[PDB]
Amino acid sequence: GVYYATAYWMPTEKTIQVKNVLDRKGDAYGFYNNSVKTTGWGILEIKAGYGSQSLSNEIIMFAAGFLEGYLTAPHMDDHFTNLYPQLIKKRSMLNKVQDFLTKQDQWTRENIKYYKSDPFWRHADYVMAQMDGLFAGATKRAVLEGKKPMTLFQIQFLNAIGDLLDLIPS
């Protein structure tokens, strides 16, 4: 079935709160249609920054990722479970992968901080806000359900699967 949800930016606390309704005044709203067993697809749809509040671009991106992580965390964890052993069979490989993604993410964040004037890095910043949001959202959902939240490394690893395929045999 379909789960609706809506995120609200609380500008003062600088936090998002989520509710399980579709509310068009919300800061990111939409649904997760859990149809994977029915059609072979889940369907996710997010409309963000179209509500009452007028929001900076970075917070629109954060809210969209927050909403997506909140709705799909259970499946984020299953997809990790399923693909982790397809790519990583030896702790030696895990070492190589952790080290690369850690250095890469640190390097990405430092450039975003440094190049605050640049249109290209500003858009890298939008993508990275969405990723922080996705991390923030999936955690919220985990805590609320009483599960151990996924780590940021696990989310980096999911988004990096393509880059990891050719990289790991190196």
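For every residue, the number given is its place in the sequence shown, counted from 1.
A.B. asks: Select between 139-147 and 124-132 the stretch whose C-alpha atoms have the higher average B-factor in the entry.
C.D. replies: Higher mean C-alpha B-factor: 139-147.
A.B. asks: For the stretches 13-21 and 154-162, which has the higher mean C-alpha B-factor as given in the deposited record?
C.D. replies: Averaging CA B-factors over each stretch, the winner is 13-21.
A.B. asks: With respect to the C-alpha temperature factors reported in the PDB entry, which of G51, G69, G40, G30 ranks highest?
C.D. replies: Most elevated C-alpha B-factor of the set, per the entry: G51.
A.B. asks: Reading the B-factor column of the entry, which of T108, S117, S35, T102 has the highest value at its C-alpha atom?
C.D. replies: That would be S117.
A.B. asks: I59: which third of its chain by C-alpha temperature factor?
C.D. replies: Middle third of the chain for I59's C-alpha B-factor.
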